[PDB]
Amino acid sequence: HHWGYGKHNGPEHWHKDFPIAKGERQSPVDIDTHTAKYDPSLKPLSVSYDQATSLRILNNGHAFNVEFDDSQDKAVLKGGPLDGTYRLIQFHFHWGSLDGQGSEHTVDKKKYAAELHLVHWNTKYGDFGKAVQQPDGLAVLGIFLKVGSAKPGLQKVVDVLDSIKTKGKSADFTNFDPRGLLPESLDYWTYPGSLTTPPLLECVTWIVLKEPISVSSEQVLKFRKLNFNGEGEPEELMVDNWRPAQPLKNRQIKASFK
Ligand SMILES: O=C(O)/C=C/c1cccc(OCc2cccc(CC(=O)O)c2)c1
Ligand SMILES: [Zn+2]
């Protein structure tokens, strides 16, 4: 599997190896704010990241992942649309070549400069690989990034990116506090969907925050200096690693707020 984001291996090609690419609950989607309905039954959202244990940062050739110790209930997501307890395993971003594109979800067709995905798995399935085979196995918290003021809590991430420029490079990344990536408000939209990269599994409860975070142009520029390629290969900048919006089909996006 040689999937990527190029003309020859990008999202329009994925369905040949991963036919669920054309499925009934694919992500991302456009969030039409006028059509999403407030749902009073949504319980409050609980982001419990006080005991988060970050380990490592990895350039996987598609994005960079900040990996956590998920061997116990340290950093968990509960409440909102979720039943039970979801453990943080990793976060990563999707971003653009330019500030006008980069996010995977859109808001009334508006593209943000980037999108953060905090990935969590349902602890009733015991491990991540079992959780991704279940329709309620993952909860992904999605956070939009706009270019404006710098986000201080992001700077430790951007400062390490020089050490993982190319595919397969990793660096120790302990003691990173993902609380510093959150906006003030936890108002969100939620809908059932999928992973946005191969294998595109339909196992995700999406929770997308309404409030974007602001990052500086300097911060996002540093994202765009990463490489898709491995060391000693021709340089292909890691930009535009986003899948476009997919058909909503028979789904409703619910809002937690009026
Ligand atoms: O069928 C199985 O048990 C193995 C499944 C499997 C096997 C390999 C990988 C994978 O997921 C990769 C992944 C993790 C988190 C997010 C995303 C999409 C995104 O970029 O937001 C993808 C799942
Ligand atoms: Zn993602």
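Values below: all heavy atoms of this structure, side chains included; hydrogens, waters and symmetry mates excluded. Throughout, numbering of the chain's residues begins at 1 and tracks the sequence. Both ligands and their constituent atoms are indexed starting at 1 by order of listing.
- Residue-environment remark: CG (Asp187) exceeds the threshold of 12 foreign heavy atoms within 6.0 Å.
- Ranking the protein heavy atoms by distance from atom 4 (C) of ligand 1 puts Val132 CG2, 3.7 Å first.
- Ligand 1 places these atoms under 4.0 Å from at least one heavy atom of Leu201: 1 (O), 5 (C).
- In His92, the part holding a heavy atom less than 4.0 Å from any atom of ligand 1 is the side chain.
- Protein heavy atom at the shortest distance from atom 12 (C) of ligand 1 is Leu195 CD1, 4.4 Å.
- Between the choices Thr197, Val119, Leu138, the shortest heavy-atom distance to atom 17 (C) of ligand 1 belongs to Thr197.
- By the 30° and 60° cut-offs, the orientation of the rings of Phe68 relative to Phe91 is tilted.
- Atom NZ of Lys151 has more than 12 neighbouring heavy atoms from other residues, nucleotides or ligands inside a 6.0 Å radius.
- Nearest N/O/S atom of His117 relative to the Zn ion (ligand 2): this is ND1.
- Which parts of ligand 1 touch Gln90 is read off a 4.0 Å heavy-atom cut-off, strictly below it: atoms 14 (C), 15 (C).
- For the pair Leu58/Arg56, a side-chain contact is recorded, criterion being any heavy-atom separation below 4.5 Å from C-beta on.
- For the side-chain hydrogen bond (donor to acceptor under 3.5 Å, both in side chains) test with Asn227, the passing option among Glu235, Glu233, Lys169, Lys167 is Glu235; the others fail.
- Considering backbone and side-chain N/O of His117, one or more are found under 3.5 Å from N/O of ligand 1.
- For the 3.5 Å distance criterion, the side chains of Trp206 and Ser27 qualify, holding a donor opposite an acceptor.
- Taking every heavy atom of both residues into account, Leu98 and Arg224 meet most closely at C-NH2, 3.4 Å.
- Relative orientation of the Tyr112 and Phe144 rings is parallel, given thresholds of 30° and 60° on the angle between their planes.
- Of the heavy atoms in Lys130, none comes closer than 4.0 Å to ligand 1.
- Short contacts between ligand 1 and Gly129, defined as distances under 4.0 Å to a heavy atom of the residue, involve ligand atoms 2 (C), 3 (O).
- If you put the vertex on the Zn ion (ligand 2), NE2 of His94 and NE2 of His92 sit 110° apart, to the nearest 10°.
- When only modelled atom types and interatomic distance are considered, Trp3 and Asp17 share no side-chain donor-acceptor pair under 3.5 Å.
- Looking at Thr196 against ligand 1, both its backbone and its side chain come within 4.0 Å, counting heavy atoms.
- At a heavy-atom cutoff of 4.0 Å, ligand 1 is contacted by no atom of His62, backbone or side chain.
- Residue-level proximity to ligand 1 for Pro199 is carried by the side chain, the only part with a heavy atom below 4.0 angstrom.
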